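Colleague: quick one: experimental structure and sequence below.
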Amino acid sequence: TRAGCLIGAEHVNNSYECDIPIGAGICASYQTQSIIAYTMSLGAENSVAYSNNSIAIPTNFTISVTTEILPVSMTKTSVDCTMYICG
Amino acid sequence: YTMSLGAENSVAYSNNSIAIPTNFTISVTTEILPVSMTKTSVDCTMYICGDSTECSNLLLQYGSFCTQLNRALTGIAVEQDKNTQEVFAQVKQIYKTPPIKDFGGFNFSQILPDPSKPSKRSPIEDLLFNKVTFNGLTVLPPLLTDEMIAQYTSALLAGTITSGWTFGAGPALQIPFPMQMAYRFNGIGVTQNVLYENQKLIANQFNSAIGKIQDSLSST
Amino acid sequence: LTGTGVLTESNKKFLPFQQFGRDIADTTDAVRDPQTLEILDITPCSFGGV
Amino acid sequence: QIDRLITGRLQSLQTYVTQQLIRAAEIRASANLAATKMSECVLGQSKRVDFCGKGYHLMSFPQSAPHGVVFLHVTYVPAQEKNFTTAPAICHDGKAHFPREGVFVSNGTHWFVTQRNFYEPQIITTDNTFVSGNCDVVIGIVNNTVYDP
Amino acid sequence: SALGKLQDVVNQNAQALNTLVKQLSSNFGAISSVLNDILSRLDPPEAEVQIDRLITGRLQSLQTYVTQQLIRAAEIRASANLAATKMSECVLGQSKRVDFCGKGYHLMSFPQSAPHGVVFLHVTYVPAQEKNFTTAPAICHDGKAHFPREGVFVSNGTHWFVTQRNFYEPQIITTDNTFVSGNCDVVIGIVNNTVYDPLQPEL
Ligand SMILES: *[C@@H]1O[C@H](CO)[C@@H](O[C@@H]2O[C@H](CO)[C@@H](O)[C@H](O)[C@H]2NC(C)=O)[C@H](O)[C@H]1NC(C)=O
Ligand SMILES: *[C@@H]1O[C@H](CO)[C@@H](O[C@@H]2O[C@H](CO)[C@@H](O)[C@H](O)[C@H]2NC(C)=O)[C@H](O)[C@H]1NC(C)=O
Ligand SMILES: *[C@@H]1O[C@H](CO)[C@@H](O[C@@H]2O[C@H](CO)[C@@H](O)[C@H](O)[C@H]2NC(C)=O)[C@H](O)[C@H]1NC(C)=O
Ligand SMILES: *[C@@H]1O[C@H](CO)[C@@H](O[C@@H]2O[C@H](CO)[C@@H](O)[C@H](O)[C@H]2NC(C)=O)[C@H](O)[C@H]1NC(C)=O
Ligand SMILES: *[C@@H]1O[C@H](CO)[C@@H](O[C@@H]2O[C@H](CO)[C@@H](O)[C@H](O)[C@H]2NC(C)=O)[C@H](O)[C@H]1NC(C)=O
Ligand SMILES: *[C@@H]1O[C@H](CO)[C@@H](O[C@@H]2O[C@H](CO)[C@@H](O)[C@H](O)[C@H]2NC(C)=O)[C@H](O)[C@H]1NC(C)=O
Ligand SMILES: *[C@@H]1O[C@H](CO)[C@@H](O)[C@H](O)[C@H]1NC(C)=O
Ligand SMILES: *[C@@H]1O[C@H](CO)[C@@H](O)[C@H](O)[C@H]1NC(C)=O
Ligand SMILES: *[C@@H]1O[C@H](CO)[C@@H](O)[C@H](O)[C@H]1NC(C)=O
Ligand SMILES: *[C@@H]1O[C@H](CO)[C@@H](O)[C@H](O)[C@H]1NC(C)=O
Ligand SMILES: *[C@@H]1O[C@H](CO)[C@@H](O)[C@H](O)[C@H]1NC(C)=O
Ligand SMILES: *[C@@H]1O[C@H](CO)[C@@H](O)[C@H](O)[C@H]1NC(C)=O
């Protein structure tokens, strides 16, 4: 492939969502048994039924709670160079 | 010369006078942002000593210096895929437009992918593509190729055109394009009746505004 | 002129007095053989991460 | 002599990596901005001024470009306007009427209520206004007739 | 592993620190990595050379460390600024920014303490079951074009209703739910219906 020479993985013509990325559109995964190589899928195909007079309106809803994790600070560390360099 | 900051334009202010627009135009502007850069990665050992054993043995006296440099570059290369995915892979599904591009007079032919080409990019994307161009180092490929970025873009465009903003906050829900626009007008304080009364004009101003994009990108 | 790499013949043309070629990066990429007046390209030995 | 070349080459490599790393942060910041612009202006309608083009944002369309993203921002831009006189309120019968939406304006002989970003006069009626306070408080209040449907 | 962003910053700084101290074991071309084995074995003018090799090497190592920490600190600053923004906009208020605080329509969020960071629980409204309806941009009544005051006109196949855009809760189309602008000959796709006037049966 373009990323390099991949040895031990079986290349297939079936696309899957990416699991272990290799590069240049190629990903690998473990199927159940062997490791396979494939061109990654970017998502399921979904054509909306577009029409000049058709609208879809939700009749129900759900409350979804998602978790976002952000770092705020790093270790407040320092070193005295005159001890580190010398001793 | 001393530069001008801009033309002088006083405002006809008065405590009992207001100006109100009587007409409008649809303006399309182009904003360009970098997302990623080449995933260049150079092996410190080869860069400094090549295949020389006598040199490599002295390079080792510097401990982890080469390890640190190799790791820093690896990290830089990795976040380039993160940057690309964070920007383009914002859609869970791949959306496509219908066979019949009837959007109420709104022409997206320079926005949507050209199906006749080996690389399915829009007339504008094709132009953008064309306009911008050993010693131990190598260059790694991106995870997402131009073809995959183009597909993500197509999905986002198809979603925007046939569903509106709903696909970005739940399931995609179809809506007539001119009706979507009416909501977008209402969203800026312009009563939705304005769009319908002027739908022909708006579609024409839009279509011209887009054609001008391809021309100004090519020209400058 | 020394180095390590792969020697291949190439369709490159040097002037009669030029002994070797050099790239934009000051890297030698071709040499005129001292006995046979023909030009050989030089490519690096393939390498990469595993 | 080899040690000297190692120091020089290691140092030039450190310079490269450091500058490359600083620039990487700049590209990352741009990518983060691009991601925000897409999620707010492509997957929604931004209310942020000049976030996605000059004018009132309607929509945008992303286009792929080598090493980046190009956004086509579609905005509503007011065009040719007119001078109208205005009043903060209208006095009908001892009561101060304010527009529910829009502004009260006059063409020199008649008062109308209209939306702010597009001139489209409406008859001032009790369904276009609301009442708050009497006619003796508002500065600049004018006398007109409010129509009861 | 979901909480990986905080673990990665903890490990990355810990690793940088460990890397720094391990450089004390390098000799950088010196006769010894141990300062005492230079001073005690070599005559002063010779010791002064080997010691400079260790000083230069260790100083360069420390400069590298500080530079990497300084760049990394900038990355953390950016994250902290984003976190501060999300808290002030999504915890102390209700964001109107799409995907700023979770996928879906933001309702609210709750901050949670975390080691060296913050975790936000974003509560969002996400539309679920949906149906297609026939729609129209306007309804034609007595030669006048009626537009929904706030909502969309839809049909279930036999009757037209005005429905709020984000939830299928249909209502009878009345003069209160609609406004009139222009006649029926301008709007493209206008349909014929009857607009109810609540006054009529009471007049
Ligand atoms: C959408 O716009 C494109 C132009 O950008 C139209 O394509 C042109 O059609 C005319 C015929 O009317 C040809 O002479 C031009 O050569 C075409 N130009 C290009 C670039 O193809 C297209 O027909 C429009 N679509 C609709 C439905 O009107
Ligand atoms: C509002 O402005 C538009 C243009 O932005 C006007 O439409 C143009 O009118 C001229 C005639 O004066 C024509 O030659 C152009 O071809 C029209 N352009 C388009 C896109 O239709 C429109 O008439 C103006 N309306 C009002 C009320 O002033
Ligand atoms: C202000 O607007 C009113 C209409 O809303 C103008 O009055 C009309 O003028 C037309 C002639 O152009 C007549 O045919 C109508 O019968 C008039 N209507 C009324 C109620 O008088 C009025 O002239 C405008 N004033 C100014 C200064 O332009
Ligand atoms: C609006 O109409 C009222 C009458 O309803 C005007 O009030 C009069 O103002 C004059 C001048 O101060 C007094 O002498 C009268 O006694 C007031 N009439 C009443 C019934 O109190 C008011 O001035 C008018 N406003 C404008 C701007 O014309
Ligand atoms: C559209 O909605 C109307 C109600 O607003 C439906 O009409 C009613 O149908 C029920 C049975 O489900 C009857 O018991 C009522 O008496 C009907 N009311 C009226 C005024 O007719 C109508 O059937 C729905 N149409 C479709 C295609 O679902
Ligand atoms: C809505 O109903 C009106 C009648 O109330 C329809 O108007 C007719 O339009 C045709 C075509 O131009 C004329 O030949 C008829 O004379 C009109 N009728 C009347 C009484 O004037 C209108 O076409 C209908 N619209 C829709 C979308 O159904
Ligand atoms: C997979 O695709 C290749 C072409 O890239 C084709 O030659 C091969 O026969 C295909 N294999 C199967 C099982 O379809
Ligand atoms: C060197 O000698 C060989 C014959 O053995 C001859 O073919 C070749 O051309 C000579 N090269 C030069 C540069 O004289
Ligand atoms: C409003 O009146 C001023 C003069 O007081 C004039 O300069 C300005 O151009 C007028 N604006 C419009 C929109 O007519
Ligand atoms: C505007 O100022 C004039 C004085 O020049 C004053 O007579 C008038 O009442 C004021 N109108 C408003 C609305 O403030
Ligand atoms: C919309 O209509 C199409 C048929 O044209 C149907 O396949 C699709 O499931 C409908 N959408 C919904 C939400 O029912
Ligand atoms: C919708 O498309 C149909 C053709 O399938 C056409 O007859 C009808 O007039 C169109 N309606 C609108 C509002 O464009």
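Modeller: Received the coordinates, thanks. Numbering: from 1, shown residues only, chains lettered A, B, ... in the order given. Ligands and ions are numbered 1, 2, ... in the order given.
Colleague: tell me where chain C has strands.
Modeller: Along chain C, counting by DSSP state E, strands occupy C:6-9, C:20-22, C:28-32, C:39-43.
Colleague: note down every partner strand of the third one and its orientation.
Modeller: If I follow you right, that is strand C:28-32. In the sheet containing strand C:28-32, the strands it pairs with under DSSP bridges are strand C:20-22 (antiparallel), strand C:39-43 (antiparallel).
Colleague: swap in the first one?
Modeller: The strands that strand C:6-9 pairs with in its sheet are strand C:39-43 (antiparallel) (by DSSP bridges).
Colleague: residue nearest the centroid of chain C?
Modeller: Chain C has residue C:30 as the residue nearest its centroid, 1.9 Å off, counting by Cα atoms, centre = their mean.
Colleague: so in terms of bridging, what pairs with that residue?
Modeller: Residue C:30 has these beta-bridge partners by DSSP bridges: residue C:21, residue C:41.
Colleague: make sure it is actually in contact with residue C:40.
Modeller: Yes: distance between residue C:30 and residue C:40: 6.5 Å, which falls inside the contact criterion (Cβ atoms under 8 Å). For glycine as for every other residue, the C-beta is placed from the backbone atoms N, C-alpha and C.
Colleague: report the set of residues contacting both of those two.
Modeller: residue C:10 (Cβ atoms under 8 Å, 6 or more residues apart in numbering or on different chains).
Colleague: looking at the strands paired with strand C:28-32, which is buried most?
Modeller: Burial of those is given as mean neighbour count (mean count of other Cβ atoms under 10 Å in any protein chain shown); strand C:39-43 ranks first at a mean of 16.
Colleague: pull stretch A:40-47 out as CSV, backbone CA atoms only.
Modeller: Once side chains and other backbone atoms are set aside, the C-alpha atoms of stretch A:40-47 remain, and they are given as CSV (Å, rounded to 0.1, in the frame of the first residue of the first chain):
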residue,chain,number,x,y,z
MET,A,40,-12.0,2.8,5.7
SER,A,41,-15.7,3.7,5.6
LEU,A,42,-16.5,7.3,6.4
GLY,A,43,-19.9,6.4,7.8
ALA,A,44,-23.2,4.8,6.8
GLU,A,45,-24.8,6.0,3.6
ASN,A,46,-28.0,7.9,4.2
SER,A,47,-30.0,9.7,1.6
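Colleague: quick one: check that stretch for contact with ligand 11.
Modeller: No: if you take Cβ under 6 Å from any ligand atom as the test, stretch A:40-47 misses ligand 11, and the best it gets is 9.5 Å.
Colleague: repeat for stretch A:51-59
Modeller: Yes: under the criterion of Cβ under 6 Å from any ligand atom, ligand 11 is reached by stretch A:51-59 at residue A:56.
Colleague: export that stretch to PDB, keeping only CA atoms.
Modeller: Listed in PDB are the C-alpha atoms of stretch A:51-59, where the atom choice follows Å, rounded to 0.1, in the frame of the first residue of the first chain:
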ATOM      1  CA  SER A  51     -38.800  16.900  -1.900                       C
ATOM      2  CA  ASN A  52     -39.900  20.500  -2.500                       C
ATOM      3  CA  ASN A  53     -43.000  19.900  -0.300                       C
ATOM      4  CA  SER A  54     -41.700  17.400   2.300                       C
ATOM      5  CA  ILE A  55     -40.700  18.100   5.800                       C
ATOM      6  CA  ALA A  56     -39.700  15.800   8.700                       C
ATOM      7  CA  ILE A  57     -40.700  16.900  12.200                       C
ATOM      8  CA  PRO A  58     -39.800  14.900  15.300                       C
ATOM      9  CA  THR A  59     -42.600  13.500  17.400                       C
END
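Colleague: ligand 6: which of the strands of chain C is closest?
Modeller: Go through those one by one with Cβ to the nearest ligand atom and the one that ends up closest to ligand 6 is strand C:39-43, at 73.2 Å.
Colleague: around ligand 4, pick out the residues from chain D.
Modeller: Residues of chain D found near ligand 4, taking Cβ under 6 Å from any ligand atom as the criterion, are D:91, D:142, D:143.
Colleague: bridged to the last one, which residues?
Modeller: To tie it back to what came earlier, the one meant is residue D:143. According to DSSP bridges, the residues that bridge with residue D:143 are residue D:91.
Colleague: distance of it relative to ligand 3?
Modeller: 17 Å (Cβ to the nearest ligand atom, to the nearest Å).
Colleague: what sits closest to residue A:10 if chain neighbours are left out?
Modeller: By the measure of Cβ to Cβ, 6 or more residues apart in numbering or on different chains, the closest residue to residue A:10 outside its immediate chain neighbours is residue A:36, 5.0 Å from it.
Colleague: and if you look at residue D:20?
Modeller: If the residues on either side of it in the chain are set aside, residue D:20 comes closest to residue B:76, at 6.1 Å by Cβ to Cβ, 6+ apart.
Colleague: wait, is residue A:22 part of a helix?
Modeller: No: Residue A:22: not assigned to a helix; according to DSSP: H, G, I helix; E, B strand; the rest coil it is strand.
Colleague: what's the neighbour count on it?
Modeller: A count of nearby residues for residue A:22, using other Cβ atoms under 10 Å in any protein chain shown, gives 20.
Colleague: isn't it right next to residue A:11, touching?
Modeller: No: with contact defined as Cβ under 8 Å, residue A:22 does not reach residue A:11; the gap is 11.1 Å.
Colleague: which residues are in contact with both of the two?
Modeller: Residues within reach of residue A:22 and of residue A:11 at once, by Cβ under 8 Å, 6+ apart, are residue A:37.
Colleague: residue B:54 is nearest to which of the strands paired with strand C:28-32?
Modeller: Comparing these against residue B:54 with Cβ to Cβ, the closest turns out to be strand C:39-43 (22.7 Å).
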